[PDB]
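Taking the form deposited without this ligand, here's one chain by itself in structure tokens.
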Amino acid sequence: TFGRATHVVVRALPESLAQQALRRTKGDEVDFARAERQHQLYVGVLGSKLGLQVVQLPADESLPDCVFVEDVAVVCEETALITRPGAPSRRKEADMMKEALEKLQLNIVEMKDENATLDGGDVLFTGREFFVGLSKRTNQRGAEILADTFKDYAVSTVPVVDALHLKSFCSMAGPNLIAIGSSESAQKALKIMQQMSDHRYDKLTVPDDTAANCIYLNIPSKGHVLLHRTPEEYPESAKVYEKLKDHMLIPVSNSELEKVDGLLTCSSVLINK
């Protein structure tokens, strides 16, 4: 049942996303056209190729980051936690997301606590438990609210250092497999998480930390499927995923979104209805 999904929520790219300062774009210039193509292809893999029912939300120019829907909602089974993003400028994205999730007839829980913040990017759901990164975007209060929302699942926190989100350097690659970056900080984070759990997780170390962020899915007629970064964007990391012969590997470009800190998981919210 882990990795199973029927629907996926995504959101169109606003032009304001490519109209940001160099300091915010890591010094790189965003090719808005290529970014839209990369998103189109990304959605095409999840929709047409994998058969998921796609819910495409309209772009909002006032919300330059509205494309990264993962941050505004954490879904588990039939319950959806509408988060309170660490960045105030993104708090409004919750409106559209909540509306879509309600339309899907899911149990809605909203994070209103003025003292709580949490980005979905800091949430790693293994299928057995939650690991929540304490970062500049997610605080202890936010983690506690998530734990209170999914009471039947263990929830543990991990410090996020030298990275924006917990998943800036990890994500699930299989039923009991955690893709983890090779950096010193990434390996340390995983060690801390593992120490918290009573379950021994397997791990796949990837040379490029951001390449550790991938999307795993269990499709009925295909089996284990994994969307990962391309050999062109991350040569050193692409070959590592090839070690999963039981997985249907799918290279997905994302060079432009990464310029504004968008990784593979950031652009979609998976739902199993």
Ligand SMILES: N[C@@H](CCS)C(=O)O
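Each form is matched to the other, and the largest set of C-alpha atoms that superpose within 1.5 Å is called the rigid core. In case it trips you up, residue 1 is the first one in the sequence shown, and so on.
Missing here is the form deposited with this ligand bound; even so, the following discussion is about that form.
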task = Name the stretch: of 202-210, 30-38, 60-68, 219-227, exactly one has residues whose heavy atoms fall within 4.5 Å of this ligand in the deposited bound form.
result = 60-68
message = So this ligand isn't shown here. In the deposited bound form, which residue out of 10, 260, 13, 252 has a non-hydrogen atom within 4.5 Å of it?
response = 260
ask   = Contact between residue 137 and this ligand in the deposited bound form at 4.5 Å, heavy atoms?
value = yes
Partner proximity in the deposited bound form: residue 164 to this ligand, non-hydrogen atom cutoff 4.5 Å = yes
message = Even though the partner isn't displayed, in the deposited bound form is residue 84 close enough to this ligand, meaning a heavy atom within 4.5 Å?
response = no
ask   = Quick one: does residue 269 come within 4.5 Å of this ligand in the deposited bound form, counting heavy atoms only?
value = no
inquiry  = Once the core is superposed between this form and the one not shown, does residue 25 show a C-alpha displacement of at least 2 Å?
reply    = yes
request  = Report the direction of the Cα distance change between residue 260 and residue 23 in the deposited bound form, compared with the displayed form, as closer or farther; the change is 3 Å or more.
outcome  = closer
request  = Using the form shown as baseline, tell whether residue 24 and residue 61 are closer or farther in Cα-Cα distance in the deposited bound form, where the change reaches 3 Å or more.
outcome  = farther
